[PDB]
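Undergrad: This is entry-v8.txt (compact mmCIF, N, CA and C atoms and all ligand atoms).
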# COMPACT_ATOMS: atom_id res chain seq x y z
N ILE A 1 221.57 -31.21 287.01
CA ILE A 1 222.82 -30.60 287.44
C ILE A 1 224.02 -31.40 286.94
N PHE A 2 224.90 -30.74 286.18
CA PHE A 2 226.13 -31.35 285.69
C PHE A 2 227.30 -30.86 286.53
N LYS A 3 228.17 -31.78 286.92
CA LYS A 3 229.44 -31.36 287.51
C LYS A 3 230.45 -31.14 286.39
N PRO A 4 231.49 -30.33 286.63
CA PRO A 4 232.42 -30.02 285.53
C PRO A 4 233.01 -31.26 284.88
N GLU A 5 233.31 -32.29 285.67
CA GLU A 5 233.91 -33.51 285.14
C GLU A 5 232.96 -34.31 284.26
N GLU A 6 231.65 -34.03 284.30
CA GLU A 6 230.66 -34.69 283.46
C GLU A 6 230.44 -33.99 282.13
N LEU A 7 230.96 -32.78 281.96
CA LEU A 7 230.56 -31.97 280.81
C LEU A 7 230.98 -32.61 279.49
N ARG A 8 232.20 -33.13 279.41
CA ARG A 8 232.65 -33.67 278.13
C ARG A 8 231.79 -34.85 277.70
N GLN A 9 231.55 -35.81 278.59
CA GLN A 9 230.77 -36.97 278.18
C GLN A 9 229.36 -36.57 277.76
N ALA A 10 228.76 -35.59 278.45
CA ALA A 10 227.39 -35.19 278.14
C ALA A 10 227.30 -34.33 276.88
N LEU A 11 228.27 -33.44 276.67
CA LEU A 11 228.18 -32.43 275.63
C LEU A 11 228.96 -32.77 274.37
N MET A 12 230.01 -33.57 274.47
CA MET A 12 230.77 -33.92 273.27
C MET A 12 229.92 -34.50 272.15
N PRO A 13 228.90 -35.34 272.40
CA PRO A 13 228.09 -35.81 271.27
C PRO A 13 227.45 -34.69 270.47
N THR A 14 227.10 -33.57 271.12
CA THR A 14 226.51 -32.45 270.38
C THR A 14 227.56 -31.78 269.49
N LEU A 15 228.81 -31.70 269.95
CA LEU A 15 229.87 -31.12 269.13
C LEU A 15 230.26 -32.06 268.00
N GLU A 16 230.35 -33.36 268.28
CA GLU A 16 230.62 -34.34 267.24
C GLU A 16 229.56 -34.28 266.14
N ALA A 17 228.30 -34.04 266.50
CA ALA A 17 227.25 -33.95 265.49
C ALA A 17 227.51 -32.80 264.53
N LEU A 18 228.08 -31.69 265.01
CA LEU A 18 228.42 -30.58 264.13
C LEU A 18 229.57 -30.96 263.20
N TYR A 19 230.64 -31.53 263.76
CA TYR A 19 231.77 -31.94 262.94
C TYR A 19 231.36 -32.94 261.86
N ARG A 20 230.36 -33.78 262.14
CA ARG A 20 229.98 -34.81 261.18
C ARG A 20 229.31 -34.23 259.95
N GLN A 21 228.82 -32.99 260.03
CA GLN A 21 228.24 -32.35 258.85
C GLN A 21 229.37 -31.95 257.91
N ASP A 22 229.42 -32.57 256.74
CA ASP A 22 230.47 -32.32 255.76
C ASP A 22 229.74 -32.13 254.44
N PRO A 23 229.92 -31.00 253.74
CA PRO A 23 230.92 -29.95 253.94
C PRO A 23 230.55 -28.84 254.92
N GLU A 24 229.37 -28.89 255.55
CA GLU A 24 228.87 -27.72 256.26
C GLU A 24 229.80 -27.28 257.38
N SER A 25 230.45 -28.21 258.07
CA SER A 25 231.30 -27.80 259.18
C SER A 25 232.69 -27.33 258.76
N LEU A 26 233.11 -27.57 257.52
CA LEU A 26 234.51 -27.32 257.17
C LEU A 26 234.95 -25.88 257.42
N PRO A 27 234.17 -24.84 257.10
CA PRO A 27 234.63 -23.47 257.39
C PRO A 27 234.71 -23.15 258.86
N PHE A 28 234.17 -24.01 259.72
CA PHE A 28 234.07 -23.77 261.15
C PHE A 28 235.07 -24.60 261.94
N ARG A 29 235.84 -25.47 261.29
CA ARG A 29 236.70 -26.40 262.02
C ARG A 29 237.96 -25.77 262.59
N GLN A 30 238.39 -24.63 262.06
CA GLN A 30 239.60 -23.95 262.50
C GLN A 30 239.28 -22.47 262.59
N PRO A 31 240.05 -21.71 263.37
CA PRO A 31 239.77 -20.27 263.47
C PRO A 31 239.85 -19.61 262.10
N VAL A 32 238.91 -18.70 261.84
CA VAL A 32 238.97 -17.90 260.62
C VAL A 32 240.32 -17.21 260.55
N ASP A 33 241.03 -17.38 259.44
CA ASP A 33 242.34 -16.76 259.21
C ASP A 33 242.15 -15.69 258.14
N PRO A 34 242.03 -14.42 258.53
CA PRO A 34 241.61 -13.40 257.56
C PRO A 34 242.58 -13.20 256.41
N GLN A 35 243.88 -13.23 256.67
CA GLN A 35 244.83 -13.07 255.58
C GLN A 35 244.79 -14.28 254.65
N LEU A 36 244.77 -15.48 255.22
CA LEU A 36 244.71 -16.71 254.43
C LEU A 36 243.49 -16.71 253.52
N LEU A 37 242.32 -16.40 254.07
CA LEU A 37 241.07 -16.47 253.34
C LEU A 37 240.80 -15.25 252.48
N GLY A 38 241.66 -14.24 252.52
CA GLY A 38 241.44 -13.04 251.73
C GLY A 38 240.27 -12.21 252.19
N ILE A 39 240.06 -12.10 253.50
CA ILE A 39 239.01 -11.27 254.08
C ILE A 39 239.62 -10.38 255.15
N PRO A 40 240.43 -9.39 254.78
CA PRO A 40 241.21 -8.66 255.79
C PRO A 40 240.39 -7.83 256.76
N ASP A 41 239.12 -7.57 256.47
CA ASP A 41 238.29 -6.80 257.39
C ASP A 41 237.64 -7.65 258.49
N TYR A 42 237.91 -8.95 258.53
CA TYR A 42 237.17 -9.86 259.41
C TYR A 42 237.22 -9.42 260.87
N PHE A 43 238.43 -9.14 261.39
CA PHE A 43 238.54 -8.78 262.80
C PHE A 43 238.02 -7.37 263.09
N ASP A 44 237.84 -6.53 262.06
CA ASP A 44 237.19 -5.23 262.26
C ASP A 44 235.71 -5.42 262.54
N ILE A 45 235.12 -6.48 262.00
CA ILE A 45 233.69 -6.74 262.08
C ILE A 45 233.34 -7.65 263.25
N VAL A 46 234.13 -8.71 263.43
CA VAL A 46 233.88 -9.73 264.43
C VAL A 46 234.80 -9.49 265.63
N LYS A 47 234.20 -9.19 266.78
CA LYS A 47 234.97 -8.80 267.96
C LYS A 47 235.52 -9.99 268.74
N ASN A 48 234.80 -11.11 268.78
CA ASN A 48 235.18 -12.26 269.59
C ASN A 48 235.04 -13.51 268.74
N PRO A 49 236.06 -13.85 267.97
CA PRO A 49 235.98 -15.05 267.13
C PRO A 49 235.84 -16.33 267.94
N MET A 50 235.21 -17.33 267.33
CA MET A 50 235.06 -18.65 267.94
C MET A 50 234.90 -19.68 266.83
N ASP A 51 235.39 -20.89 267.08
CA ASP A 51 235.31 -21.96 266.09
C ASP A 51 235.30 -23.31 266.80
N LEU A 52 235.06 -24.36 266.01
CA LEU A 52 234.91 -25.70 266.59
C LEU A 52 236.18 -26.15 267.31
N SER A 53 237.36 -25.84 266.77
CA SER A 53 238.59 -26.33 267.39
C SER A 53 238.79 -25.71 268.76
N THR A 54 238.41 -24.44 268.91
CA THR A 54 238.55 -23.78 270.20
C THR A 54 237.56 -24.36 271.21
N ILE A 55 236.32 -24.58 270.78
CA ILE A 55 235.31 -25.20 271.63
C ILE A 55 235.76 -26.60 272.03
N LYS A 56 236.27 -27.37 271.08
CA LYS A 56 236.70 -28.73 271.38
C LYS A 56 237.84 -28.73 272.39
N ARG A 57 238.81 -27.81 272.23
CA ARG A 57 239.92 -27.76 273.16
C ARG A 57 239.43 -27.41 274.55
N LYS A 58 238.50 -26.46 274.65
CA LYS A 58 237.97 -26.09 275.96
C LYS A 58 237.23 -27.25 276.60
N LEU A 59 236.48 -28.02 275.81
CA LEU A 59 235.73 -29.14 276.34
C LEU A 59 236.64 -30.32 276.67
N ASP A 60 237.71 -30.52 275.90
CA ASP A 60 238.66 -31.59 276.18
C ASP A 60 239.45 -31.34 277.46
N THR A 61 239.81 -30.09 277.74
CA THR A 61 240.80 -29.78 278.77
C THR A 61 240.18 -29.22 280.04
N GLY A 62 238.85 -29.28 280.18
CA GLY A 62 238.20 -28.89 281.42
C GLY A 62 238.06 -27.41 281.64
N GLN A 63 238.04 -26.61 280.57
CA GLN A 63 237.92 -25.16 280.72
C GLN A 63 236.49 -24.69 280.94
N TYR A 64 235.50 -25.51 280.62
CA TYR A 64 234.11 -25.19 280.91
C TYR A 64 233.78 -25.70 282.31
N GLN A 65 233.11 -24.87 283.09
CA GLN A 65 232.67 -25.28 284.41
C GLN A 65 231.17 -25.55 284.47
N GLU A 66 230.39 -24.95 283.58
CA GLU A 66 228.95 -25.12 283.54
C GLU A 66 228.52 -25.27 282.09
N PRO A 67 227.43 -25.99 281.82
CA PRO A 67 227.02 -26.19 280.43
C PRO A 67 226.72 -24.90 279.68
N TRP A 68 226.27 -23.85 280.38
CA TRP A 68 225.93 -22.61 279.68
C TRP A 68 227.13 -22.03 278.95
N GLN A 69 228.34 -22.29 279.46
CA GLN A 69 229.53 -21.71 278.83
C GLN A 69 229.81 -22.35 277.48
N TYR A 70 229.59 -23.66 277.38
CA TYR A 70 229.72 -24.36 276.10
C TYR A 70 228.67 -23.87 275.11
N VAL A 71 227.40 -23.86 275.52
CA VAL A 71 226.31 -23.39 274.67
C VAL A 71 226.58 -21.96 274.20
N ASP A 72 227.08 -21.11 275.09
CA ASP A 72 227.39 -19.73 274.76
C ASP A 72 228.43 -19.63 273.65
N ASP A 73 229.50 -20.44 273.73
CA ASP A 73 230.53 -20.42 272.69
C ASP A 73 229.98 -20.93 271.36
N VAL A 74 229.12 -21.95 271.39
CA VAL A 74 228.55 -22.45 270.14
C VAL A 74 227.75 -21.35 269.45
N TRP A 75 226.90 -20.65 270.21
CA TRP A 75 226.10 -19.58 269.60
C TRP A 75 226.97 -18.40 269.19
N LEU A 76 228.06 -18.13 269.91
CA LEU A 76 229.00 -17.10 269.47
C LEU A 76 229.54 -17.42 268.08
N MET A 77 229.97 -18.67 267.88
CA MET A 77 230.48 -19.11 266.59
C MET A 77 229.45 -18.91 265.49
N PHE A 78 228.21 -19.34 265.72
CA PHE A 78 227.17 -19.19 264.70
C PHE A 78 226.86 -17.72 264.43
N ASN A 79 226.71 -16.92 265.49
CA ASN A 79 226.35 -15.52 265.30
C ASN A 79 227.46 -14.73 264.61
N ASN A 80 228.72 -15.06 264.87
CA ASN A 80 229.80 -14.41 264.14
C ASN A 80 229.69 -14.66 262.65
N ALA A 81 229.35 -15.90 262.27
CA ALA A 81 229.27 -16.23 260.86
C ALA A 81 228.06 -15.58 260.20
N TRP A 82 226.93 -15.52 260.92
CA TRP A 82 225.77 -14.81 260.39
C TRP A 82 226.03 -13.31 260.28
N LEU A 83 226.84 -12.76 261.19
CA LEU A 83 227.15 -11.33 261.17
C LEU A 83 228.07 -10.99 260.00
N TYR A 84 229.16 -11.75 259.84
CA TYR A 84 230.16 -11.35 258.86
C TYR A 84 229.73 -11.65 257.42
N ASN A 85 229.09 -12.80 257.20
CA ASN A 85 228.81 -13.28 255.86
C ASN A 85 227.43 -12.84 255.40
N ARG A 86 227.28 -12.66 254.09
CA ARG A 86 226.00 -12.22 253.56
C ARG A 86 224.99 -13.36 253.56
N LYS A 87 223.70 -13.01 253.64
CA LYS A 87 222.65 -14.03 253.69
C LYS A 87 222.70 -14.99 252.50
N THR A 88 223.21 -14.53 251.36
CA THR A 88 223.27 -15.32 250.14
C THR A 88 224.50 -16.22 250.08
N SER A 89 225.39 -16.15 251.06
CA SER A 89 226.69 -16.80 250.94
C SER A 89 226.65 -18.24 251.42
N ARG A 90 227.61 -19.01 250.90
CA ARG A 90 227.75 -20.41 251.27
C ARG A 90 227.96 -20.57 252.77
N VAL A 91 228.84 -19.77 253.36
CA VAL A 91 229.11 -19.93 254.79
C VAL A 91 227.87 -19.61 255.63
N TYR A 92 227.11 -18.57 255.26
CA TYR A 92 225.91 -18.23 256.01
C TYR A 92 224.90 -19.38 255.97
N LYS A 93 224.70 -19.97 254.79
CA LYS A 93 223.76 -21.08 254.68
C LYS A 93 224.26 -22.31 255.42
N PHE A 94 225.57 -22.58 255.37
CA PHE A 94 226.12 -23.67 256.17
C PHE A 94 225.88 -23.43 257.65
N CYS A 95 226.13 -22.20 258.11
CA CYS A 95 225.88 -21.83 259.50
C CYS A 95 224.45 -22.17 259.90
N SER A 96 223.48 -21.82 259.06
CA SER A 96 222.09 -22.10 259.41
C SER A 96 221.83 -23.59 259.54
N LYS A 97 222.42 -24.40 258.66
CA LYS A 97 222.27 -25.85 258.78
C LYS A 97 222.88 -26.37 260.08
N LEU A 98 224.08 -25.89 260.43
CA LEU A 98 224.71 -26.34 261.66
C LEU A 98 223.90 -25.93 262.88
N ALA A 99 223.32 -24.73 262.86
CA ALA A 99 222.53 -24.29 264.00
C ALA A 99 221.29 -25.15 264.19
N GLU A 100 220.68 -25.60 263.09
CA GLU A 100 219.54 -26.51 263.19
C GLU A 100 219.95 -27.85 263.78
N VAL A 101 221.09 -28.40 263.34
CA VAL A 101 221.59 -29.63 263.94
C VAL A 101 221.86 -29.43 265.43
N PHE A 102 222.47 -28.30 265.78
CA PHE A 102 222.81 -28.07 267.18
C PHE A 102 221.56 -28.01 268.06
N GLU A 103 220.54 -27.26 267.62
CA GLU A 103 219.31 -27.18 268.41
C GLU A 103 218.71 -28.55 268.64
N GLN A 104 218.73 -29.42 267.62
CA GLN A 104 218.17 -30.76 267.76
C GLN A 104 218.98 -31.62 268.73
N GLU A 105 220.30 -31.42 268.79
CA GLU A 105 221.15 -32.25 269.64
C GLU A 105 221.22 -31.75 271.08
N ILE A 106 221.21 -30.42 271.27
CA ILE A 106 221.41 -29.86 272.61
C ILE A 106 220.14 -29.93 273.45
N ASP A 107 218.97 -29.88 272.82
CA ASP A 107 217.72 -29.84 273.59
C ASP A 107 217.51 -31.06 274.48
N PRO A 108 217.64 -32.30 274.01
CA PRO A 108 217.48 -33.44 274.94
C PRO A 108 218.54 -33.49 276.02
N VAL A 109 219.75 -32.98 275.76
CA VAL A 109 220.81 -33.02 276.76
C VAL A 109 220.51 -32.06 277.91
N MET A 110 220.02 -30.86 277.60
CA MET A 110 219.76 -29.85 278.62
C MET A 110 218.48 -30.11 279.40
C1 LIG A 201 226.72 -14.95 278.82
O1 LIG A 201 225.79 -15.60 279.69
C2 LIG A 201 226.23 -15.48 280.97
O2 LIG A 201 226.99 -14.59 281.34
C3 LIG A 201 225.73 -16.43 281.87
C4 LIG A 201 226.20 -16.45 283.17
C5 LIG A 201 225.69 -17.39 284.05
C6 LIG A 201 224.77 -18.26 283.63
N1 LIG A 201 224.14 -19.24 284.29
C7 LIG A 201 223.31 -19.82 283.44
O3 LIG A 201 222.57 -20.77 283.72
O4 LIG A 201 223.38 -19.25 282.25
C8 LIG A 201 224.31 -18.24 282.37
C9 LIG A 201 224.77 -17.36 281.47
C1 LIG A 202 233.20 -19.39 259.80
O1 LIG A 202 233.88 -19.14 258.57
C2 LIG A 202 233.69 -17.89 258.05
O2 LIG A 202 233.01 -17.01 258.59
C3 LIG A 202 234.23 -17.77 256.77
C4 LIG A 202 234.97 -18.83 256.27
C5 LIG A 202 235.51 -18.75 255.00
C6 LIG A 202 235.32 -17.66 254.27
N1 LIG A 202 235.74 -17.38 253.03
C7 LIG A 202 235.29 -16.18 252.73
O3 LIG A 202 235.49 -15.61 251.66
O4 LIG A 202 234.57 -15.68 253.77
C8 LIG A 202 234.59 -16.63 254.74
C9 LIG A 202 234.05 -16.65 255.96
Would you write out, as structure tokens, the structure that this file holds?
TA:
Amino acid sequence: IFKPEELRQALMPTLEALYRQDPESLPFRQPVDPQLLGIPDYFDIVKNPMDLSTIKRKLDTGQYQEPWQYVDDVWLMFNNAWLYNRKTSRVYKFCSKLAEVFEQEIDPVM
């Protein structure tokens, strides 16, 4: 059982492990900007965007009350990238690498 005030110390190492993957985490560090990136259909396809900076802000500022909410946002981020990007694409393959790192880091914590 985690109390809300324990979540950052327990879960931040799993998020730091994702950020440490370079270049794999770079497309995930900030919200997808469809006009900037030249992908104007992004928000037509992806209904609930999520990225590392949003997860980090929520974890820093006490917006998560239970660990499932953090895990849920991490999988939202990965599933959005698998949904929007083609299986052959750089971002999709980076997503798969990050998801493998995440599974290895989150399992001992939970
Ligand atoms: C999207 O998932 C959920 O709405 C949800 C809600 C409560 C939970 N309690 C738990 O342990 O996992 C949960 C998952
Ligand atoms: C999580 O980041 C994406 O889903 C993403 C990022 C950069 C991209 N550049 C592009 O052409 O598609 C992209 C998709």
Undergrad: Check which residues fall inside 12 Å of ligand LIG 202 (chain A) when counting only C-alpha atoms and all ligand atoms, and print them as a PyMOL selection string.
TA: chain A and resi 24-43+45-46+49-53+74+76-96+98
Undergrad: Excluding residue 67 (chain A) and residues on its chain fewer than 6 positions from it, collect all residues at most 8 Å away from it, counting only N, CA and C atoms, and give them as a PyMOL selection string.
TA: chain A and resi 2-4+7+11+73
Undergrad: Can you pull out every residue with an atom within 7 Å of ligand LIG 201 (chain A)? Use only N, CA and C atoms and all ligand atoms and format it as a list in words.
TA: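 Those residues are residues 68, 69 and 72 of chain A.
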Undergrad: Choose the residue, out of A:12, A:47, A:106, A:1, that has the smallest atom-to-atom separation from residue 59 (chain A); count all atoms listed in the file.
TA: A:12
Undergrad: Any idea what the distance is between CA of residue 9 (chain A) and atom N of residue 48 (chain A)?
TA: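 A separation of 27.8 Å between them.
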Undergrad: From the DSSP assignment of the backbone, select every residue of chain A that is alpha helix (DSSP H), and format the answer as a ChimeraX atom specification.
TA: /A:7-19,34-37,42-45,52-60,67-84,90-109
Undergrad: Can you work out which one of A:8, A:54, A:44, A:75 has the shortest atom-to-atom distance to residue 103 (chain A), counting only C-alpha atoms?
TA: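 Counting only C-alpha atoms, the residue closest to residue 103 (chain A) is A:75.
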Undergrad: Could you please determine the separation between atom C of residue 97 (chain A) and atom N of residue 62 (chain A) in Å, to one decimal place?
TA: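 These two atoms are separated by 25.8 Å.
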Undergrad: Using Å and a single decimal, report how far atom C of residue 5 (chain A) sits from atom C of residue 21 (chain A).
TA: 26.7 Å
Undergrad: So that I can see what lies close to residue 14 (chain A), please list as a PDB file with N, CA and C atoms, keeping the file's coordinate frame the residues with an atom at most 8 Å from it, counting only N, CA and C atoms and leaving out residues fewer than 4 positions away in the same chain.
TA:
ATOM      1  N   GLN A   9     231.550 -35.810 278.590  1.00  0.00           N
ATOM      2  CA  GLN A   9     230.770 -36.970 278.180  1.00  0.00           C
ATOM      3  C   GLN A   9     229.360 -36.570 277.760  1.00  0.00           C
ATOM      4  N   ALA A  10     228.760 -35.590 278.450  1.00  0.00           N
ATOM      5  CA  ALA A  10     227.390 -35.190 278.140  1.00  0.00           C
ATOM      6  C   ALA A  10     227.300 -34.330 276.880  1.00  0.00           C
ATOM      7  N   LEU A  18     228.080 -31.690 265.010  1.00  0.00           N
ATOM      8  CA  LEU A  18     228.420 -30.580 264.130  1.00  0.00           C
ATOM      9  C   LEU A  18     229.570 -30.960 263.200  1.00  0.00           C
ATOM     10  N   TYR A  19     230.640 -31.530 263.760  1.00  0.00           N
ATOM     11  CA  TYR A  19     231.770 -31.940 262.940  1.00  0.00           C
ATOM     12  C   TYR A  19     231.360 -32.940 261.860  1.00  0.00           C
ATOM     13  N   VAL A 101     221.090 -28.400 263.340  1.00  0.00           N
ATOM     14  CA  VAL A 101     221.590 -29.630 263.940  1.00  0.00           C
ATOM     15  C   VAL A 101     221.860 -29.430 265.430  1.00  0.00           C
ATOM     16  N   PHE A 102     222.470 -28.300 265.780  1.00  0.00           N
ATOM     17  CA  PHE A 102     222.810 -28.070 267.180  1.00  0.00           C
ATOM     18  C   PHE A 102     221.560 -28.010 268.060  1.00  0.00           C
ATOM     19  N   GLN A 104     218.730 -29.420 267.620  1.00  0.00           N
ATOM     20  CA  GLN A 104     218.170 -30.760 267.760  1.00  0.00           C
ATOM     21  C   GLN A 104     218.980 -31.620 268.730  1.00  0.00           C
ATOM     22  N   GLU A 105     220.300 -31.420 268.790  1.00  0.00           N
ATOM     23  CA  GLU A 105     221.150 -32.250 269.640  1.00  0.00           C
ATOM     24  C   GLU A 105     221.220 -31.750 271.080  1.00  0.00           C
ATOM     25  N   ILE A 106     221.210 -30.420 271.270  1.00  0.00           N
ATOM     26  CA  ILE A 106     221.410 -29.860 272.610  1.00  0.00           C
ATOM     27  C   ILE A 106     220.140 -29.930 273.450  1.00  0.00           C
TER      28      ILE A 106
END
